[PDB]
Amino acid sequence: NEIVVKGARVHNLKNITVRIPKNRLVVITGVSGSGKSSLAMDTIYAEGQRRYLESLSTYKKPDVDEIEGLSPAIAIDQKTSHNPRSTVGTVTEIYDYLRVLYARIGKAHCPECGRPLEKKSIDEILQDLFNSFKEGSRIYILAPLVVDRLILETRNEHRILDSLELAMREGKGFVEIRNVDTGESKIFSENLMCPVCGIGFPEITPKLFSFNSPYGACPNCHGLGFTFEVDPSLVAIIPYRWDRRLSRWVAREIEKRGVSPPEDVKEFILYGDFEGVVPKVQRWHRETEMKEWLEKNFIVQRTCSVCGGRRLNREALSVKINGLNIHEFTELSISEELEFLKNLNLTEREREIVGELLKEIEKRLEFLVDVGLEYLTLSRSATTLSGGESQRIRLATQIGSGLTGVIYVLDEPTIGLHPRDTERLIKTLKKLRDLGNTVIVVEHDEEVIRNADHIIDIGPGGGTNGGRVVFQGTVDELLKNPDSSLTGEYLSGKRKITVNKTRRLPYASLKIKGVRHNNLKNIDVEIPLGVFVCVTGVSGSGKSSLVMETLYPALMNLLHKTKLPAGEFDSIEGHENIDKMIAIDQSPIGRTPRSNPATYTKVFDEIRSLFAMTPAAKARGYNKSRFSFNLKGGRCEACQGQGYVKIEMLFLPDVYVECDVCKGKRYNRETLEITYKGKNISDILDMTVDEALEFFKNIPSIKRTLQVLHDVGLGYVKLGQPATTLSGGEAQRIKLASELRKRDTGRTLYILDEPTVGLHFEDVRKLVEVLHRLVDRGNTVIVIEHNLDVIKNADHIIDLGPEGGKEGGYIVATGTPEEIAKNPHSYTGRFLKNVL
């Protein structure tokens, strides 16, 4: 059986009609913009999700004709849990299995002395008696109250047992036995208690190991790990400005120490002798939104003073397995956790219960390794995971949940993944497939393309040049006759990415020293300037930590004298050799309808002035503003410049319809009359970057921003192509162009976080190109990449590792691609060998 799309014309799709094989690893490929995400995500996923949800208890319809074989679909991608209560543990369901394990095996200790607790059955004490006492001894059985009094004979077994038990009933689980002869006394408990102090540990159940249960969570943090401590970002007195009388009362006591109308001893205003600003705003928090107000403004979430950030109460933290309480265990990297579960030797009475439990835990602990997250710890906040880390956890969870019958759609799951781990991701993708799921992956990575069960190539190119199936079938087929597609060619060899054959050398260098932020091993980084630098290393090695959470803020402050948070470090040297810093991370473009490529990269400004220079617009009052659809005056006022009004009808969601006044041109007739070389302002939003780049050859300032958009490959996009309809690789690329178009000083530092995300072989080519051009002008470019085609072109490389997590944070290697490719201390080098 197979999935059968027919009449697919979403976005730029050209009414295509493709048969996708069910239960296979299908990779959909294509140059960024081609619209293969519009087929994977906005058609297939979007309909399989729809058809399902609308069959439930309902509280858009993707433009397709029909789709046979469609199944409930799930999209996996970069989507953070947001709430403070999610750990890697909880999110993968693994923590729960753990909560049961610690419940079943694992001994409680004393919540204060740490001494292992003790309890005995009536079996165990009846047996104690016959060891400590001589058969024939006359004994008393008490209840802390005479219960029985007899002779310790084997013949009296049940009498003893009956009385032993009764003694615990009345004794509240406590029974005393006296050796009437010797005077020796023995007190016992059918329940857990400390020998050194006599306190009764709680009821051992999974609920106790749950920092999301009243039974498990810490008393003064509710299992969150942190509390809400007011922060001296409260200083006129910033949090008092909703009642002037407040500000005055303290001013009157200030004038009582002899001051008007900041002078030393500010410590009083802040604490008191009476009531300080701090404890007062802290009291307002307890004694009460306006609870929300003070959370956003004056409050910093600090670690829980009591549990230490361990979330669990004092008791739960006292149950141990081979020395580790459940939290301690979740702190081991998921691979240490694994071995711990293995070098675990439990009595066979124990290994009889745990048994399968223990296997169930290890099976999905592995799915985490198999996806390359073996460096994480379950204790890890879901909150603080990269997008790629999130993406691969959903993959492991979903393959763990063993759900079957669905169509999974993944967008570029190699994001954040070293070339070294690609092998294992493909192996997990195929496993998620062998549960009997259709796995559809939008990817650009060759290794993944080569492992596809079926490929579908969309193009030829972006925008109107896409929406067509330029190839479909097997890998062998595509490599047997590749003349058919740009993807086929980059695999065949026809097109390739050139290793610039001459390395560059610096003119100065940057030296950030003693970098201790996160897992970075108190390192000393020297960054060559005026060269193309790369930062590589396996996931978890510390790339983002160093480059983006330390190096970046730090320069921003030594350059803009600003107060940005940054990673721990000792010093920076030679920062005067750069005089501006531009950064482009992976975050998403702000999407409004009031925005298109032209307005976003600002070229439209220059174009608005050109139109306001036309004799006709000079003849009238017209200036540049007349030509903005976001400004009253020359836009269409029916639809406020939108090109559509909003029709309000009863009992239905609002529906937007074309503006009948302006026809959706979104300008008033008068403005549409001003023309340059024959076209009005609306006509100019209809042309592609390539079209506009021609039209404007002679207008230098315009042609420039345009050229950039063309150079990054975006040359095929409509200027007015609204921001919302923008694809991911475009939007990133526009955000890219928006920065790359501001003239450079010749000594600016460009920081790029995985710039090749959402980029095809082809787009990457134009990219490394543009980047080379940037350094020639004496500019420094740092990129964090796992993409080998971008790494071959660096003149310097700083390789972090050797592994991820706590087993990384080391500069394992540095030098040119070549110096790195000979270094056997580096994985990056081990793969950089087969491209040099």
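Heads up: residue numbers just count along the shown sequence, starting at 1.
Participant: Missing residues between residue 261 and residue 262 in the deposited sequence, please: none, 1 to 3, 4 to 9, or 10 or more.
Facilitator: Missing residues, residue 261 to residue 262: 4 to 9.
Participant: Count, per the entry, the deposited residues between residue 235 and residue 236 that are not modelled, and return the matching class: none, 1 to 3, 4 to 9, or 10 or more.
Facilitator: Count of unmodelled residues in between: 10 or more.
Participant: Tell me which of 478 to 486 and 508 to 516 has the higher mean C-alpha B-factor in the deposited entry.
Facilitator: Between 478 to 486 and 508 to 516, it is 478 to 486.
Participant: Once you work out the mean C-alpha B-factor for both 152 to 160 and 543 to 551 from the entry, which is higher?
Facilitator: Taking the mean B-factor of the alpha carbons in each, 152 to 160 is higher.
Participant: Going by the entry, which of 413, 144, 473, 728 has the most elevated CA B factor?
Facilitator: Within the set 413, 144, 473, 728, 144 shows the top C-alpha B-factor.
Participant: Kindly indicate the residue among 601, 80, 398, 333 with the greatest C-alpha B-factor in the PDB record.
Facilitator: Within the set 601, 80, 398, 333, 80 shows the top C-alpha B-factor.
Participant: Sorting by Cα B-factor within the chain, modelled residues only, which third would residue 441 end up in: lowest, middle or highest?
Facilitator: It falls in the bottom third of the chain.
Participant: Taking only the Cα B-factors deposited for this chain, tell me whether residue 389 sits in the lowest, middle or highest third.
Facilitator: Lowest third of the chain for residue 389's C-alpha B-factor.
Participant: Could you look up the Cα B-factor of residue 721 in the entry and say which third of the chain it sits in: lowest, middle or highest?
Facilitator: Its C-alpha B-factor, which the entry lists for residue 721, ranks in the middle third among residues of this chain.
Participant: According to the PDB entry, is the CA B factor of residue 97 in the bottom, middle or top third of its chain, that is, lowest, middle or highest?
Facilitator: As the PDB entry reports it, the C-alpha B-factor of residue 97 lands in the middle third of its chain.
Participant: Lowest, middle or highest third of the chain for the C-alpha temperature factor of residue 585?
Facilitator: Ranked within chain, residue 585 CA B lands in the middle tercile.
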